[PDB]
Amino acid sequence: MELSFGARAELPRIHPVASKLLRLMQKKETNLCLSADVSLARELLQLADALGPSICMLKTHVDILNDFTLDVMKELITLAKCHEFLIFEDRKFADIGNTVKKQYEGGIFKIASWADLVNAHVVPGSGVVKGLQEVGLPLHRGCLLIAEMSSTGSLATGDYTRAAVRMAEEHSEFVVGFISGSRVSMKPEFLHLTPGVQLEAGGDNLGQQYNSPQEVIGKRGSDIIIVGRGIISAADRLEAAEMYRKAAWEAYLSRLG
């Protein structure tokens, strides 16, 4: 009954950003999102260029780049177009709608001008989505809602997660999916992206907890693994990305049957 990524890309209610993502995931045999958690633009762009072919998405934290400029994002877009991946700015909007509108469009970062995807916490209520949508819908962007978190003590559980899902299913013109640790929506037009991923067991010293690609894609039913340190701390980041890609892709294939 599970549809392939390529088939999900054609669903009637699919958002165009999700459809583009699903089509390139199927074409490239990748459901890996690189979390490019680096402070130097040159390293961001060298990673994007070398690992571009292995990834479906590159997740940025632009407010940790020491040398951010809009020109850096222009170069990143050139690579995303060349290698075919989407740019996800992991900004975690989490304010009232009137504020996030300006945070998304304006300031130094002009996030909406270069990010295909952004994410938002649902704790403020649906005004967070409505505010972002006022900017993002005209710019043909999409939003991910944070339905679960991977860190110890996360409060994004139970009824909070269910509120996130309902908020997404009510704003499907702009919300394309979730950050979660598992499948949280039964609707196949919604993407599920899962961080806290490493091939080995463990965590970090600040509350991160890791699960494997096979677990999060296979058993828990998510679509895309978001990997940072498991790739970016490795000596050979390209081979590491390929290891994560093959893991997440096989897990997806085995789930479909």
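A residue's number is simply how far along the shown sequence it sits, counting from 1. For clarity, a rigid core is taken as the largest C-alpha set superposing within 1.5 Å between two forms.
Between stretches 130-138 and 70-78, the one whose Cα atoms sit farther from the displayed model in 8 other deposited structures of this protein on average is 130-138 (core-aligned, root mean square). Stretches 86-94 and 161-169 differ in mean C-alpha B factor, with the higher average recorded for 161-169.
When the two stretches 1-9 and 246-254 are set side by side, the higher mean Cα temperature factor goes to 1-9.
When the C-alpha B-factors of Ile77, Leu132, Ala147, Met186 are ranked from the entry, the top spot goes to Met186. Among the modelled residues of its chain, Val216 has a C-alpha B-factor that falls in the highest third, as given in the PDB entry.
Annotation for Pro53: C-alpha temperature factor in the middle third relative to the rest of the modelled chain, per the entry. In the PDB entry, a CA B factor belonging to the lowest third of its chain's modelled residues is recorded for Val227. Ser39: CA B factor in the middle third of modelled residues in this chain (values from the PDB entry). Split the chain's modelled residues into thirds by C-alpha temperature factor. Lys27 is in the highest one.
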